[PDB]
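Have a look at model-v7.txt below; it lists compact mmCIF, N, CA and C atoms.
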```
# COMPACT_ATOMS: atom_id res chain seq x y z
N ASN A 347 63.94 -189.08 -94.75
CA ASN A 347 63.86 -188.26 -95.94
C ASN A 347 64.66 -187.00 -95.71
N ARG A 348 64.09 -185.88 -96.15
CA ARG A 348 64.51 -184.57 -95.67
C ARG A 348 63.31 -183.94 -95.00
N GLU A 349 63.40 -183.71 -93.69
CA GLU A 349 62.19 -183.34 -92.97
C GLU A 349 62.08 -181.83 -92.83
N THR A 350 63.02 -181.23 -92.09
CA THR A 350 63.20 -179.79 -91.81
C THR A 350 61.91 -179.07 -91.44
N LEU A 351 60.94 -179.74 -90.82
CA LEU A 351 59.58 -179.20 -90.78
C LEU A 351 59.28 -178.53 -89.44
N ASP A 352 60.31 -178.02 -88.78
CA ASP A 352 60.10 -177.29 -87.52
C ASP A 352 59.56 -175.90 -87.88
N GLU A 353 58.42 -175.52 -87.30
CA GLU A 353 57.73 -174.29 -87.64
C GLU A 353 58.39 -173.12 -86.93
N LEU A 354 58.20 -171.92 -87.47
CA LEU A 354 58.77 -170.70 -86.90
C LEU A 354 57.68 -169.95 -86.13
N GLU A 355 58.09 -168.94 -85.37
CA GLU A 355 57.15 -168.17 -84.57
C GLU A 355 56.59 -166.98 -85.34
N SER A 356 55.98 -166.06 -84.59
CA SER A 356 55.25 -164.96 -85.21
C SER A 356 55.96 -163.63 -85.01
N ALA A 357 57.29 -163.65 -84.77
CA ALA A 357 58.16 -162.49 -84.55
C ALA A 357 57.66 -161.64 -83.38
N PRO A 358 57.86 -162.08 -82.14
CA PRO A 358 57.16 -161.47 -81.01
C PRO A 358 57.68 -160.08 -80.65
N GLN A 359 57.18 -159.57 -79.52
CA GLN A 359 57.46 -158.21 -79.10
C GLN A 359 58.93 -158.03 -78.74
N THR A 360 59.54 -157.03 -79.35
CA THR A 360 60.95 -156.73 -79.16
C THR A 360 61.07 -155.41 -78.43
N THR A 361 61.32 -155.48 -77.12
CA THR A 361 61.38 -154.30 -76.27
C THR A 361 62.84 -153.97 -76.00
N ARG A 362 63.09 -152.77 -75.49
CA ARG A 362 64.42 -152.41 -75.04
C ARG A 362 64.49 -152.57 -73.53
N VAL A 363 65.56 -153.21 -73.05
CA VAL A 363 65.71 -153.53 -71.64
C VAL A 363 67.16 -153.31 -71.23
N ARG A 364 67.33 -152.60 -70.12
CA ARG A 364 68.65 -152.39 -69.54
C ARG A 364 69.16 -153.69 -68.96
N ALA A 365 69.87 -154.46 -69.78
CA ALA A 365 70.61 -155.62 -69.35
C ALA A 365 72.07 -155.32 -69.58
N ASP A 366 72.91 -156.33 -69.39
CA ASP A 366 74.34 -156.10 -69.33
C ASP A 366 75.03 -157.01 -70.33
N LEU A 367 75.73 -156.42 -71.29
CA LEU A 367 76.34 -157.15 -72.40
C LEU A 367 77.85 -157.05 -72.36
N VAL A 368 78.52 -158.20 -72.47
CA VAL A 368 79.95 -158.25 -72.75
C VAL A 368 80.16 -159.23 -73.89
N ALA A 369 81.38 -159.27 -74.41
CA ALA A 369 81.74 -160.23 -75.45
C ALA A 369 83.00 -160.97 -75.04
N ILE A 370 82.97 -162.29 -75.13
CA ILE A 370 84.11 -163.13 -74.81
C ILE A 370 84.52 -163.85 -76.08
N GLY A 371 85.48 -163.28 -76.79
CA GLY A 371 85.97 -163.90 -78.01
C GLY A 371 84.93 -163.81 -79.11
N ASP A 372 84.54 -164.97 -79.62
CA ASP A 372 83.52 -165.04 -80.66
C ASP A 372 82.11 -164.90 -80.11
N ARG A 373 81.93 -165.13 -78.82
CA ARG A 373 80.61 -165.25 -78.22
C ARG A 373 80.30 -164.02 -77.40
N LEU A 374 79.01 -163.75 -77.25
CA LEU A 374 78.54 -162.53 -76.65
C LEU A 374 77.52 -162.87 -75.57
N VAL A 375 77.92 -162.71 -74.32
CA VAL A 375 77.25 -163.29 -73.18
C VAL A 375 76.74 -162.16 -72.29
N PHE A 376 75.61 -162.38 -71.62
CA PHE A 376 75.18 -161.50 -70.55
C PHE A 376 76.12 -161.57 -69.35
N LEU A 377 75.96 -160.62 -68.45
CA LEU A 377 76.42 -160.76 -67.08
C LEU A 377 75.22 -160.52 -66.19
N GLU A 378 75.11 -161.30 -65.13
CA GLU A 378 73.98 -161.20 -64.22
C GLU A 378 74.45 -161.50 -62.81
N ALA A 379 74.30 -160.53 -61.92
CA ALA A 379 74.49 -160.71 -60.49
C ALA A 379 73.17 -160.40 -59.81
N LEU A 380 72.44 -161.43 -59.41
CA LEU A 380 71.03 -161.31 -59.08
C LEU A 380 70.84 -161.19 -57.58
N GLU A 381 71.45 -160.18 -56.97
CA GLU A 381 71.30 -160.03 -55.53
C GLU A 381 70.44 -158.82 -55.24
N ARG A 382 70.82 -157.67 -55.79
CA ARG A 382 70.06 -156.45 -55.55
C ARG A 382 68.77 -156.44 -56.36
N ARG A 383 68.72 -157.23 -57.43
CA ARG A 383 67.51 -157.29 -58.23
C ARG A 383 66.46 -158.18 -57.60
N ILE A 384 66.75 -159.47 -57.45
CA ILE A 384 65.67 -160.41 -57.16
C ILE A 384 65.77 -160.99 -55.75
N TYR A 385 66.90 -160.80 -55.08
CA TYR A 385 67.13 -161.44 -53.79
C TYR A 385 67.47 -160.45 -52.68
N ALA A 386 67.00 -159.21 -52.78
CA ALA A 386 67.53 -158.17 -51.90
C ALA A 386 67.05 -158.35 -50.47
N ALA A 387 65.74 -158.28 -50.26
CA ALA A 387 65.18 -158.40 -48.92
C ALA A 387 64.43 -159.70 -48.75
N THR A 388 64.69 -160.68 -49.61
CA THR A 388 63.76 -161.80 -49.72
C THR A 388 64.04 -162.86 -48.67
N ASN A 389 65.21 -162.81 -48.04
CA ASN A 389 65.69 -163.72 -47.01
C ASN A 389 65.72 -165.16 -47.49
N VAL A 390 66.23 -165.41 -48.69
CA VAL A 390 66.50 -166.75 -49.20
C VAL A 390 67.92 -166.72 -49.77
N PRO A 391 68.77 -167.70 -49.46
CA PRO A 391 70.18 -167.61 -49.85
C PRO A 391 70.40 -167.73 -51.34
N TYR A 392 71.45 -167.08 -51.81
CA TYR A 392 71.80 -167.06 -53.22
C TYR A 392 72.31 -168.44 -53.60
N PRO A 393 71.86 -169.02 -54.71
CA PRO A 393 72.19 -170.43 -54.96
C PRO A 393 73.61 -170.63 -55.44
N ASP B 149 49.04 -204.95 -96.23
CA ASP B 149 47.82 -205.45 -95.61
C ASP B 149 46.56 -204.77 -96.13
N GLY B 150 46.70 -203.82 -97.05
CA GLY B 150 45.54 -203.09 -97.54
C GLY B 150 45.04 -202.06 -96.56
N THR B 151 45.91 -201.53 -95.71
CA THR B 151 45.55 -200.46 -94.78
C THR B 151 46.53 -199.32 -94.94
N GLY B 152 46.29 -198.24 -94.19
CA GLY B 152 47.21 -197.12 -94.20
C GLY B 152 48.47 -197.40 -93.41
N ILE B 153 48.42 -198.40 -92.52
CA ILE B 153 49.61 -198.86 -91.81
C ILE B 153 50.64 -199.39 -92.79
N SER B 154 50.18 -200.14 -93.79
CA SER B 154 51.07 -200.68 -94.81
C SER B 154 51.67 -199.56 -95.65
N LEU B 155 50.91 -198.49 -95.88
CA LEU B 155 51.46 -197.35 -96.60
C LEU B 155 52.46 -196.59 -95.74
N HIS B 156 52.13 -196.37 -94.47
CA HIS B 156 52.97 -195.50 -93.66
C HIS B 156 54.26 -196.20 -93.24
N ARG B 157 54.22 -197.51 -93.07
CA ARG B 157 55.45 -198.23 -92.77
C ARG B 157 56.36 -198.30 -93.99
N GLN B 158 55.78 -198.26 -95.19
CA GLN B 158 56.59 -198.15 -96.39
C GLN B 158 57.26 -196.79 -96.48
N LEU B 159 56.54 -195.74 -96.08
CA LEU B 159 57.13 -194.41 -96.07
C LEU B 159 58.13 -194.27 -94.94
N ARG B 160 58.01 -195.11 -93.91
CA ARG B 160 59.04 -195.12 -92.88
C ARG B 160 60.29 -195.84 -93.38
N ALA B 161 60.11 -196.79 -94.30
CA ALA B 161 61.26 -197.54 -94.80
C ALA B 161 62.04 -196.73 -95.83
N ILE B 162 61.35 -195.95 -96.65
CA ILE B 162 62.04 -195.11 -97.62
C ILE B 162 62.76 -193.97 -96.91
N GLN B 163 62.17 -193.45 -95.83
CA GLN B 163 62.83 -192.35 -95.13
C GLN B 163 64.00 -192.85 -94.28
N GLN B 164 63.99 -194.13 -93.91
CA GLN B 164 65.17 -194.72 -93.29
C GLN B 164 66.30 -194.83 -94.31
N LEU B 165 65.96 -195.25 -95.53
CA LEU B 165 66.96 -195.49 -96.55
C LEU B 165 67.51 -194.18 -97.11
N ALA B 166 66.73 -193.11 -97.03
CA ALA B 166 67.21 -191.83 -97.54
C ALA B 166 68.26 -191.24 -96.62
N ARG B 167 68.28 -191.66 -95.35
CA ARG B 167 69.32 -191.18 -94.45
C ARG B 167 70.65 -191.86 -94.75
N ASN B 168 70.61 -193.16 -95.04
CA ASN B 168 71.85 -193.92 -95.18
C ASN B 168 72.55 -193.59 -96.49
N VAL B 169 71.80 -193.34 -97.56
CA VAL B 169 72.42 -193.10 -98.85
C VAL B 169 73.07 -191.73 -98.88
N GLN B 170 72.43 -190.74 -98.25
CA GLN B 170 73.05 -189.43 -98.16
C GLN B 170 74.17 -189.42 -97.12
N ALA B 171 74.19 -190.42 -96.23
CA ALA B 171 75.32 -190.54 -95.33
C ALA B 171 76.57 -191.02 -96.06
N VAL B 172 76.47 -192.16 -96.74
CA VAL B 172 77.68 -192.80 -97.25
C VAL B 172 78.14 -192.16 -98.55
N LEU B 173 77.24 -191.47 -99.26
CA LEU B 173 77.69 -190.65 -100.38
C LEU B 173 78.28 -189.35 -99.88
N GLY B 174 77.99 -188.98 -98.63
CA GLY B 174 78.72 -187.90 -98.01
C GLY B 174 79.98 -188.38 -97.33
N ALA B 175 80.09 -189.69 -97.10
CA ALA B 175 81.25 -190.21 -96.38
C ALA B 175 82.51 -190.14 -97.22
N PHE B 176 82.37 -190.28 -98.54
CA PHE B 176 83.56 -190.24 -99.38
C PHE B 176 84.05 -188.81 -99.56
N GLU B 177 83.21 -187.83 -99.26
CA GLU B 177 83.70 -186.47 -99.15
C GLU B 177 84.60 -186.33 -97.94
N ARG B 178 84.29 -187.07 -96.87
CA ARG B 178 85.12 -187.00 -95.67
C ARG B 178 86.23 -188.03 -95.72
N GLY B 179 86.01 -189.15 -96.41
CA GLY B 179 87.04 -190.16 -96.52
C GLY B 179 88.21 -189.68 -97.36
N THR B 180 87.96 -188.73 -98.25
CA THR B 180 89.04 -188.05 -98.94
C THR B 180 89.87 -187.22 -97.97
N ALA B 181 89.21 -186.47 -97.08
CA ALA B 181 89.94 -185.68 -96.10
C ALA B 181 90.56 -186.56 -95.03
N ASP B 182 90.06 -187.78 -94.87
CA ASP B 182 90.75 -188.76 -94.04
C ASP B 182 92.07 -189.14 -94.66
N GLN B 183 92.05 -189.49 -95.94
CA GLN B 183 93.20 -190.14 -96.54
C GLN B 183 94.32 -189.14 -96.80
N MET B 184 93.97 -187.87 -97.02
CA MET B 184 94.99 -186.88 -97.33
C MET B 184 95.83 -186.56 -96.11
N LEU B 185 95.27 -186.72 -94.92
CA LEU B 185 96.09 -186.63 -93.73
C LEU B 185 96.93 -187.88 -93.55
N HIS B 186 96.46 -189.02 -94.05
CA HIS B 186 97.27 -190.23 -93.96
C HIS B 186 98.30 -190.32 -95.08
N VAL B 187 98.24 -189.42 -96.06
CA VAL B 187 99.34 -189.38 -97.01
C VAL B 187 100.26 -188.21 -96.71
N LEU B 188 99.77 -187.22 -95.96
CA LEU B 188 100.66 -186.15 -95.55
C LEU B 188 101.32 -186.46 -94.22
N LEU B 189 101.05 -187.63 -93.65
CA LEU B 189 101.87 -188.14 -92.56
C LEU B 189 102.81 -189.24 -93.03
N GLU B 190 102.53 -189.80 -94.20
CA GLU B 190 103.45 -190.79 -94.75
C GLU B 190 104.74 -190.13 -95.21
N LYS B 191 104.64 -188.98 -95.87
CA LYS B 191 105.80 -188.19 -96.21
C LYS B 191 105.99 -187.05 -95.22
N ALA B 192 106.06 -187.39 -93.95
CA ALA B 192 106.23 -186.35 -92.96
C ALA B 192 107.45 -186.62 -92.10
N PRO B 193 108.56 -185.94 -92.37
CA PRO B 193 109.67 -185.93 -91.42
C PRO B 193 109.47 -184.83 -90.40
N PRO B 194 109.88 -185.05 -89.16
CA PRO B 194 109.65 -184.04 -88.13
C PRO B 194 110.53 -182.82 -88.34
N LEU B 195 110.03 -181.68 -87.87
CA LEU B 195 110.77 -180.42 -88.04
C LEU B 195 111.99 -180.40 -87.15
N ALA B 196 111.98 -181.19 -86.08
CA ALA B 196 113.16 -181.34 -85.25
C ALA B 196 114.24 -182.15 -85.96
N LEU B 197 113.89 -182.82 -87.06
CA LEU B 197 114.88 -183.59 -87.80
C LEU B 197 115.08 -183.04 -89.20
```
Now, as a test, write the supplied structure out as structure tokens.
Amino acid sequence: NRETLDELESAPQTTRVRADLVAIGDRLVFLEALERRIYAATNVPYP
Amino acid sequence: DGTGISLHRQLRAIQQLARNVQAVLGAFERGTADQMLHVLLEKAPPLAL
């Protein structure tokens, strides 16, 4: 038929966060280098 | 069969058929854009010539 019956959410919490934004052409992508953030002293190699 | 299975399989058959009819009635919208490239290549001499 025509289904289109995927439900929407409840407009969740929108916080401000220092992340890193660039734009490549039409698309707008993060940049993430996760060494000093999540892997600093953890002694597990970067994947 | 006089059950809800007989009703729901009928609603599965109509919803199958609603996909195909909106497909092929949409196909002639694209089959027009198919053919216009096949007529603009019929009268197409190369720019190098």
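If you look at atom N of residue 349 (chain A) and atom N of residue 155 (chain B), they are 19.5 Å away from each other.
Put simply, CA of residue 165 (chain B) is 17.2 Å away from atom C of residue 153 (chain B).
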Using all atoms listed in the file, which chain B residues lie at most 8 Å away from chain A, written as a CSV table (one decimal) with N, CA and C atoms, keeping the file's coordinate frame?
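Result saved to part_37.csv:
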```
chain,number,residue,atom,x,y,z
B,159,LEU,N,56.5,-195.7,-96.1
B,159,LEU,CA,57.1,-194.4,-96.1
B,159,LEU,C,58.1,-194.3,-94.9
B,160,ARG,N,58.0,-195.1,-93.9
B,160,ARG,CA,59.0,-195.1,-92.9
B,160,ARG,C,60.3,-195.8,-93.4
B,161,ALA,N,60.1,-196.8,-94.3
B,161,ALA,CA,61.3,-197.5,-94.8
B,161,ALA,C,62.0,-196.7,-95.8
B,162,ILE,N,61.4,-196.0,-96.6
B,162,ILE,CA,62.0,-195.1,-97.6
B,162,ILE,C,62.8,-194.0,-96.9
B,163,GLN,N,62.2,-193.4,-95.8
B,163,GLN,CA,62.8,-192.4,-95.1
B,163,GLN,C,64.0,-192.8,-94.3
B,164,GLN,N,64.0,-194.1,-93.9
B,164,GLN,CA,65.2,-194.7,-93.3
B,164,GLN,C,66.3,-194.8,-94.3
B,165,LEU,N,66.0,-195.2,-95.5
B,165,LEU,CA,67.0,-195.5,-96.6
B,165,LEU,C,67.5,-194.2,-97.1
B,166,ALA,N,66.7,-193.1,-97.0
B,166,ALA,CA,67.2,-191.8,-97.5
B,166,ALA,C,68.3,-191.2,-96.6
B,167,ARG,N,68.3,-191.7,-95.4
B,167,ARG,CA,69.3,-191.2,-94.4
B,167,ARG,C,70.6,-191.9,-94.8
B,168,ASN,N,70.6,-193.2,-95.0
B,168,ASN,CA,71.8,-193.9,-95.2
B,168,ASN,C,72.6,-193.6,-96.5
```
Find the distance between CA of residue 197 (chain B) and CA of residue 185 (chain B) and write it in Å to one decimal. 19.9 Å
At most 7 Å from (71.3, -158.5, -73.1), file frame, all atoms listed in the file: which residues, as a PDB file with N, CA and C atoms, in the frame of the given file?
```pdb
ATOM      1  N   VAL A 363      65.560-153.210 -73.050  1.00  0.00           N
ATOM      2  CA  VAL A 363      65.710-153.530 -71.640  1.00  0.00           C
ATOM      3  C   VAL A 363      67.160-153.310 -71.230  1.00  0.00           C
ATOM      4  N   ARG A 364      67.330-152.600 -70.120  1.00  0.00           N
ATOM      5  CA  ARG A 364      68.650-152.390 -69.540  1.00  0.00           C
ATOM      6  C   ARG A 364      69.160-153.690 -68.960  1.00  0.00           C
ATOM      7  N   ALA A 365      69.870-154.460 -69.780  1.00  0.00           N
ATOM      8  CA  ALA A 365      70.610-155.620 -69.350  1.00  0.00           C
ATOM      9  C   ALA A 365      72.070-155.320 -69.580  1.00  0.00           C
ATOM     10  N   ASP A 366      72.910-156.330 -69.390  1.00  0.00           N
ATOM     11  CA  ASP A 366      74.340-156.100 -69.330  1.00  0.00           C
ATOM     12  C   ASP A 366      75.030-157.010 -70.330  1.00  0.00           C
ATOM     13  N   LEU A 367      75.730-156.420 -71.290  1.00  0.00           N
ATOM     14  CA  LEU A 367      76.340-157.150 -72.400  1.00  0.00           C
ATOM     15  C   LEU A 367      77.850-157.050 -72.360  1.00  0.00           C
ATOM     16  N   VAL A 375      77.920-162.710 -74.320  1.00  0.00           N
ATOM     17  CA  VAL A 375      77.250-163.290 -73.180  1.00  0.00           C
ATOM     18  C   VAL A 375      76.740-162.160 -72.290  1.00  0.00           C
ATOM     19  N   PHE A 376      75.610-162.380 -71.620  1.00  0.00           N
ATOM     20  CA  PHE A 376      75.180-161.500 -70.550  1.00  0.00           C
ATOM     21  C   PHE A 376      76.120-161.570 -69.350  1.00  0.00           C
ATOM     22  N   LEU A 377      75.960-160.620 -68.450  1.00  0.00           N
ATOM     23  CA  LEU A 377      76.420-160.760 -67.080  1.00  0.00           C
ATOM     24  C   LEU A 377      75.220-160.520 -66.190  1.00  0.00           C
TER      25      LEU A 377
END
```
